[PDB]
Every structure is written in C-alpha cells, then in structure tokens.
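What follows is a single chain, given as structure tokens, in the form deposited in one PDB entry.
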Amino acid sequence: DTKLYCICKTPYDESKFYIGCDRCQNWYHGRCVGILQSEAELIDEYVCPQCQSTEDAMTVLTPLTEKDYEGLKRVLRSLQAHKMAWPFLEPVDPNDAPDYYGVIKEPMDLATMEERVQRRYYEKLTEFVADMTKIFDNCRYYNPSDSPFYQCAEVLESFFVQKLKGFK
C-alpha cells in the first residue's frame, strides 16, 4: 500500500489509530480529525471534517425539495410577522419614497418573494437568499445609516441569518 492517507497525506502506520469516512472512504488518524479511539466506539456513521465542510457549503447549491419549500414558506412567514418587517412587506410606493425607482435598479419585497415561493420559482437556496439579501441591501442603499428603515434592515437580516441555520 503506497497510498497517502489522512489530511496529513502519509503512508499507513499500523501502530496508529484510524477512523474511516463513509463519505469519501479515505482513512484518517484519529488525532488529525479530533476523534479519540474510545470515542469512535459511540459513533455510527462517520463523516470527516473536509466532507462535512463540503456538505455544509453544498446546502445552498443543491436542488430545493418539497420539504425545503415548506421550510421556505415557514421562514418567509416568520419574517413577514416580525416587528421590523413592516417596511418590506410590499413593493415600495413611489409616493412614499422620492425617486426610489431612480435609485434602486432591482427592487424586491416579501410579497414578491411569497409569490415566487408559491410558483416554485427558486431552484436553489442561494437564489432565495439572494432575493432576501437584495431587500436589505436596497434598503441600506436608499436610506441613510441613521434612519430607522436602515436599522430595520440590519435587525431583520440578523434575524434571517439565524432563521436559516440548519435549514437543510
């Protein structure tokens, strides 16, 4: 066996403890991935750090499932019911915001997103996140940093990020 195992890329050492990753099927020194031999006994399926990292990054790129869509609706609704969401519920009315459409080239609001969710417009979570981010970026671009509108965007985006944790 001339294969270089683990993240450290070294030949197999029969005297050292290794744990196998069920995702990539490579073998890792327990110490290099933070797993103790006694600890391995209590582990069922094992996924190494690099594979876990890839899976985490993958979440926003994979196809949205019907279960994912039920989740998107849940997230949207929690945002719509949030106290700081009132400025983003519907498209901005020109009469309420001077030259808004002359400043904002790509408007977005929660009602438009709800419609997109309804017609399954999003194919990846990254697209949903992009529209939501657009709402907050548009607000912070149009409104001054000391206006409550700007602050509502800061609050809601922080709330949104937490809401998305462990989504898929």
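Numbers for residues come from their place in the sequence shown, where the first is 1. Each form is matched to the other, and the largest set of C-alpha atoms that superpose within 1.5 Å is called the rigid core.
A summary of the deposited B-factors shows that, of 39-47 and 105-113, the stretch with the larger mean C-alpha value is 39-47. For the pair 132-140 and 58-66, the record assigns the higher mean C-alpha temperature factor to 58-66.
The entry lists C-alpha B-factors for 12, 18, 159, 150, and the highest of these is at 12. Ranked against the other modelled residues of its chain, the C-alpha B-factor of residue 78 as given in the entry falls in the middle third. The deposited CA B-factor of residue 72 belongs to the middle third of values across its chain. The deposited CA B-factor of residue 22 belongs to the middle third of values across its chain.
What comes next is about the form deposited in another entry, which is not displayed.
The two forms, fitted on the rigid core, differ between the shown form and the other one by less than 2 Å at the CA of residue 63. When the rigid core is held fixed, the Cα atom of residue 100 travels less than 2 angstroms between the shown form and the other one.
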